[PDB]
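Heads up: the structure comes next, in structure tokens.
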Amino acid sequence: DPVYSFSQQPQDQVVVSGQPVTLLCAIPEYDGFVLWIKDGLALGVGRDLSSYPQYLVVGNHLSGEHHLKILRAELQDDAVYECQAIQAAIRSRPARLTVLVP
Amino acid sequence: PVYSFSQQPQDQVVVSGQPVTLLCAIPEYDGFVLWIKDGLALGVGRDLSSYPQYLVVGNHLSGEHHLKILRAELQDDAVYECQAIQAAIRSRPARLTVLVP
Ligand code: NA
Ligand code: NA
């Protein structure tokens with residue numbers, strides 16, 4: 001089987017516009033590339049999501065954490081997100097973020 | 001999108017054992033390009049070192065990021081797309097049909 005497994009995977013969430021949200025992703029003992037995918041499109045490579053001011057990879061990389069923080073949820077963030085590892089060739093379960101607008 | 005594909009991959013039928021190239025080009029784009037196979041990214045840019053069977057080829061000066069499958073096998077029958085991170089564009093998906101003797 002895949003040498004690697006996820007220790008944490010992102011979960012579906014309902015959030016309010018303007019609220020931060022952290023989607024969890026962790027892979028123990030894994031020192032390769034991790035990508036976050038939003039509706040099929042990669043947001044960046046590793047911690048470099050510099051094309052998206054609204055998205056930040058956080059968590060303790062020493063703990064194998066690659067959490068996606070959406071700093072201020074807006075309706076455009078209502079999407080399906082997944083975490084995947086290139087060298088490990090594994091994909092997390094997909095997580096739907098529901099954004100509700102005040 | 002300030003950027004667009006000059007070439008995108010097309011569906012292709014190939015026999016097991018033969019190489020096959022999937023075209024992808026984005027003129028004047030100096031950001032990241034990824035190849036995606038059945039929803040999974042194969043590498044970043046020219047670094048597809050996790051897969052000895054897949055090489056990115058083509059003239060990078062002309063913005064080409066062609067995927068060369070060196071020796072098609074049954075496990076390579078899949079849907080492929082190329083996509084650009086900073087440009088935030090995805091190509092059309094290309095289905096590679098691999099036929100076996
Ligand atoms: Na960012
Ligand atoms: Na390779």
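The chains referred to below are lettered A, B, ... by the order of the sequence lines, with proteins before strands, and numbering in each begins at 1. Counting starts at 1 for both ligands and their atoms, following the listed order. Just so it is clear, the values below take in all heavy atoms, side chains as well, and ignore hydrogens, waters and symmetry mates.
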**Report entry** Apex the Na ion (ligand 1); atoms A:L49 O and A:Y55 O; angle rounded to 10 degrees
**Finding:**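 Value returned, to the nearest 10°, is 120°.
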
Query - the Na ion (ligand 2) to nearest N/O/S of B:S49 below 3.0 Å - result: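 Given the 3.0 Å cut-off, B:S49 does not count as a ligand of the Na ion (ligand 2).
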
Query - More than 12 heavy atoms of other groups within 6.0 Å of A:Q19 CD - result: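 Count over threshold, so yes.
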
Requested in this report: Tell me, yes or no, whether the heavy-atom count around B:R46 atom CZ, taken from other residues, nucleotides or ligands under 6.0 Å, exceeds 12.
Outcome: yes

Query raised in the report: N/O/S of A:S51 less than 3.0 Å from the Na ion (ligand 1)?
Result: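 Not a single backbone or side-chain N, O or S atom of A:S51 is under 3.0 Å from the Na ion (ligand 1).
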
Report task. Answer whether the closest heavy-atom distance between the side chains of B:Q53 and B:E73 falls below 4.5 Å. Result -> no

Query raised in the report: Excluding sequence neighbours, so at least two apart, what forms side chain to side chain donor-acceptor pair (under 3.5 Å) with A:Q87?
Result: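 So A:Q87 forms a side chain to side chain donor-acceptor pair (under 3.5 Å) with A:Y30.
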
